[PDB]
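**Student:** After the structure tokens below, expect a handful of questions from me.
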Amino acid sequence: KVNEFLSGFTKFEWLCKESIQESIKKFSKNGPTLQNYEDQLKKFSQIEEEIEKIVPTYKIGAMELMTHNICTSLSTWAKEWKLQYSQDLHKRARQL
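First residue of the sequence shown: 1012, per PDB author numbering; consecutive thereafter.
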């Protein structure tokens, strides 16, 4: 049951791979539009919505889990991409 939770949450673990700078740099090399940047910010806010959606806290048999730790991890991981987006926005302004 833990692993079922974990499988539902691999999509959220995607943060760990996406946190690499190379992914955001490939997407930035794509030269996306302002609407695209806004779409990533919005998908990011939706990620945050899922981060607060840590409702499952069922005691796994006779074991109680610490979900707030996971939530905090996800939130920090998250914040990474927003700071990345601000820093690339500034250099777009620079070049153009």
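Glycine residues also receive a C-beta, built at the ideal position from the N, C-alpha and C atoms.
(1) Confirm, please, whether the CB-CB distance from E1091 to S1030 is below 7 Å.
(2) With 16 as the cutoff for other CB atoms within 10 Å, does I1058 come out buried or exposed?
(3) Counting C-beta neighbours from all protein chains within 10 Å, is the total for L1085 16 or more, i.e. buried, or is it exposed?
(4) Grab me the residues of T1068's own chain with a C-beta within less than 6 Å of its C-beta, minus the 5 sequence neighbours each way, in chain order.
(5) Using CA atoms only, rank isn't needed, just tell me which of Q1095, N1080 and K1012 is closest to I1062.
(6) What would DSSP say about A1073, mapped onto helix, strand or coil?
(7) For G1019, which three-state DSSP category applies?
(8) Rounded to whole angstroms, what is the Cα-Cα separation between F1055 and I1071?
(9) Going by Cα to Cα distance, which pick from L1100, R1105 and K1012 is closest to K1036?
(10) If distances are taken between C-alpha atoms only, which option among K1022, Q1051 and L1076 comes closest to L1094?
**Tutor:** From the atom records:
(1) Counting from 1 along the sequence shown, the entry for residue 1030 is found at position 19. Counting from 1 along the sequence shown, the entry for residue 1091 is found at position 80. At the C-beta level, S1030 and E1091 come within 7 Å of one another.
(2) Mapped onto the sequence shown, residue 1058 falls at position 47. It is buried - the Cβ of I1058 has at least 16 other Cβ atoms within 10 Å.
(3) Here the question's residue 1085 lines up with position 74 in the sequence shown. When all chains shown are included, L1085 counts as buried.
(4) One-based indexing of the sequence shown puts residue 1068 at position 57. Answer for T1068: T1078, listed in chain order.
(5) One-based indexing of the sequence shown puts residue 1062 at position 51. Residue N1080 is the option with its Cα nearest to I1062.
(6) Translated into positions along the sequence shown, residue 1073 becomes position 62. In the three-state reduction of the DSSP assignment, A1073 falls in the coil class, being assigned neither a helical nor a strand state.
(7) Counting from one through the sequence shown, the residue named residue 1019 turns up at place 8. Helix, per DSSP.
(8) Along the sequence shown, read from residue 1 onward, the residue named residue 1055 stands at position 44. Along the sequence shown, read from residue 1 onward, the residue named residue 1071 stands at position 60. Looking at the two C-alpha atoms, the distance is approximately 30 Å.
(9) Residue 1036 sits at position 25 when you count from the first residue of the sequence shown. Proximity to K1036 across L1100, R1105 and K1012 peaks at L1100, based on C-alpha coordinates.
(10) Looking up residue 1094 in the sequence shown gives position 83. That would be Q1051, whose Cα lies nearest to the Cα of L1094.
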